[PDB]
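Before we start, here is the structure in question, set down as structure tokens.
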Amino acid sequence: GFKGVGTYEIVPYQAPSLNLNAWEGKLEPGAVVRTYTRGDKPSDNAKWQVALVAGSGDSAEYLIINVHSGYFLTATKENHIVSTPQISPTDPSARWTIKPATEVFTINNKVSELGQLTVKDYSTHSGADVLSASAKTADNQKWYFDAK
Amino acid sequence: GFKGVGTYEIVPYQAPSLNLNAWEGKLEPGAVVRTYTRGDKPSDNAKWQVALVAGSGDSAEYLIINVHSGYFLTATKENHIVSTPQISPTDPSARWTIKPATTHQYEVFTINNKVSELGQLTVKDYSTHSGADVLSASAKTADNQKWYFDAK
């Protein structure tokens with residue numbers, strides 16, 4: 001469960017055998033983010049520091065920081081893949097709200113036009129693009145937070 | 001003023017016309033940090049995002065993230081200049097506690113590394129001149145280890 005700031009695996013609701021992964025786990029900025037096989041213990045490129053940057057409780061905004069690279073999960077365009085570019089912590093496209101979907105959460109960009117984290121094509125297999133796409137109350141837009 | 005998380009200029013108590021500045025303001029990792037003139041408006045390399053990563057109130061730990069580069073203020077050595085390298089957010093050397101320098105007030109603070117032995121954010125040699133090195137140095141809560149958080 002999401003209990004505020006901390007380190008987490010972020011796991012797609014339709015495919016809990018997978019997690020959110022910065023592709024190839026390199027220190028170069030700009031990796032795209034996809035679902036990937038979890039393993040028994042997650043790799044640091046598949047662990048994320050949720051870091052509070054504004055507000056609290058209902059008004060909390062967070063950076064979602066890759067543990068390996070230190071880069072921030074960012075939406076660039078609606079219905080396009082998310083990535084971890086080098087970006088200012090004050091850029092709203094790198095800021096997210098984490099809200100109960102109805103346990104299970106949506107991850108919503110501070111720029112409302114950019115939407116929420118969404119697994120492309122409702123995939124349940126490793127290597128699926130994770131998009132920022134407009135909210136549709138769909139199961140591929142729901143996520144678990146597993147504290148690590 | 002400090003309210004926990006936020007974007008700030010971090011201003012040394014002895015030299016309030018200066019702030020904490022990532023030297024040269026480039027995007028490459030590894031800038032050292034010095035004091036530098038505030039100016040009429042802050043440059044982005046002299047703005048810092050305080051981001052909560054663990055705990056709360058008394059047990060709060062923060063990243064202090066450069067606004068321009070997104071790299072984290074880090075202590076690398078005892079009594080040595082601080083820097084903004086590329087580093088994991090879970091690395092204790094990049095994590096800080098921000099504590100009132102004296103009780104019964106909420107305006108002057110110490111900035112304390114999570115690695116105890118790395119100490120406090122310190123203006124070298126009590127300098128009041130622009131361009132002074134900012135160190136992680138032995139923690140004494142001296143006046144060169146006290147800081148204000150200014151923010152619009």
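One is the number of the first residue shown, and numbering goes on along the chain from there.
When the header is checked for method, it gives X-ray crystallography, 1.6 Å.
Using N, Cα and C of the backbone, Cβ positions are placed for all residues, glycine too.
Below, the features straight out of Swiss-Prot:
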type    : residues                                    : note
BINDING : B:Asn21, B:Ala22, B:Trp23, B:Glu24, B:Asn45 : beta-D-galactosyl-(1->3)-N-acetyl-D-galactosamine binding site
DOMAIN  : B:57-152                                    : domain 'Ricin B-type lectin'
Just checking a number: largest C-alpha distance across B:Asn21, B:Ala22, B:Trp23, B:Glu24, B:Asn45 for the beta-D-galactosyl-(1->3)-N-acetyl-D-galactosamine site, rounded to a whole Å.
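The two farthest binding residues have Cα atoms 8 Å apart.
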Can you check which residues sit near B:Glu24 (beta-D-galactosyl-(1->3)-N-acetyl-D-galactosamine binding site), meaning Cβ under 8 Å from its Cβ, same chain, 6 or more apart in sequence, and list them in order?
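Long-range Cβ contacts: B:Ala31, B:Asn45.
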Per 10 Å Cβ neighbour count, which of the binding-site residues B:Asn21, B:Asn45 ranks highest?
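Going through B:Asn21, B:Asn45 one by one, the largest Cβ count within 10 Å is at B:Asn21.
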Neighbours of the beta-D-galactosyl-(1->3)-N-acetyl-D-galactosamine site B:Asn21, B:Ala22, B:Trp23, B:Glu24, B:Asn45: Cβ within 8 Å of the Cβ centroid, same chain, sequence order.
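Filtered neighbour residues, in order: B:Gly25, B:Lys26, B:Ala31, B:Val32, B:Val33, B:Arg34, B:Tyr36, B:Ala46, B:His68.
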Where among the binding-site residues B:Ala22, B:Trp23 do you find the Cβ with the fewest other Cβ atoms within 10 Å?
B:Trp23
Going by DSSP, how much of the domain 'Ricin B-type lectin' (B:57-152) is helix, how much is strand and how much is coil, in residues?
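Final tally across the stretch: 15 helix, 35 strand, 46 coil.
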